[PDB]
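A lone chain, given as structure tokens: the form deposited in one PDB entry.
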């Protein structure tokens, strides 16, 4: 049994003794270590991210997660410090048994039923609308960071280790996101990008779930843009200017592949329409996450008599808060169905 003095993720700084056991290393990398463990008083499994923390400043990931409380974001239960002589921050997270990456991989070996594509994407856009309302850009949207509870079909966004509150005028690094999900303005080297890069990445996830494989499987930075161009066609000079004005060059003119021919023969037209409004070259032309939630692709989720394939009721889908609606409050006319009032 390991006992630490841990501070709850929510509320004021009120540290308390927390004991946990059965710690196993699940992942490793440059970020640090991710452990699985069990809380003794409750028996619940948790996940622990261990990163080295300097004592002279606050951990950016920690400060972001402490302001988040949302059904579709992984909860920070506790954080505590531990250890030659270095001090590590440990983030104690809720444990969700599955990720989107693993579930999609099974179908990549057939296609995920579209009811689940609606369910998972809807919750992802909800989580994006929530964090974007704080000015926070996740910057690592990809299937591996989408936790799933298969029993309840609840999705939870995690890994805020790349996240940042984007502030106008402060440039940011362009080499962000996993390659398959990187927005084209990032590939062009734009440093003044906005939270709309998350919407691009979310568009790639949606297309991947419809297609059964990543839509833009680039093998490198430039090749990633080539894969994008081979689907969307060559971006126009105006679209390039919106992404990065420093490209006055002339690129070969590749024709856009017909969107309805990109996906499977019976892909719902609403799904293809949503993809095209997310995977827009011009960053400001993409839907916001809240607009995405209100898209007609998710109308079936607002049906009072909607049936899930697991035989259970749908999770919380319409418990929007003022903070979540702040980018466009009148969208609640669509987002909250009459039976949810």
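Rigid core: the largest C-alpha set superposing within 1.5 Å between the two forms. Numbering follows the first chain given and starts at 1.
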Gap size between residue 84 and residue 83, counted in deposited residues that the entry leaves unmodelled: 1 to 3
Quick one: classify how much of the deposited chain lacks coordinates between residue 247 and residue 248, choosing none, 1 to 3, 4 to 9, or 10 or more. 1 to 3
Which is higher on mean Cα B factor in this entry, 211 to 219 or 136 to 144? 211 to 219
Greater mean Cα temperature factor according to the PDB record, 275 to 283 or 308 to 316: 308 to 316
Sorting 121, 262, 129, 157 by Cα temperature factor from the record, which one lands on top? 262
Going by the entry, which of 173, 92, 205, 71 has the most elevated CA B factor? 173
For residue 44, the third of its chain into which the C-alpha B factor falls: highest
Consider only the C-alpha atoms of the modelled residues in this chain, order them by B-factor as the entry records it, and name the third containing residue 178: lowest, middle or highest. middle
When the modelled residues of the chain are sorted by Cα temperature factor, does residue 13 land in the lowest, middle or highest third? highest
Residue 169: CA B-factor among chain residues, third -> highest
Select lowest, middle or highest to describe the third in which the CA B-factor of residue 150 falls within its chain in this entry. highest
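One more form of this protein exists, namely the form deposited in another entry; it is left out here, but the text below deals with it.
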Once the rigid core is superposed, exactly one of 41, 69, 54, 313 has its CA displaced by 2 Å or more between the shown form and the other one; which residue is that? 54
Once the two forms are fit on the core, has residue 304 moved its CA by at least 2 Å between the shown form and the other one? no
Taking the rigid core as reference, does residue 285 move its C-alpha 2 Å or further between the shown form and the other one? no
Is the CA-CA spacing of residue 56 and residue 17 tighter or wider in the other form than here, given a 3 Å or more change? farther
In the other form, shift in Cα separation for residue 58 relative to residue 92, 3 Å or more: farther
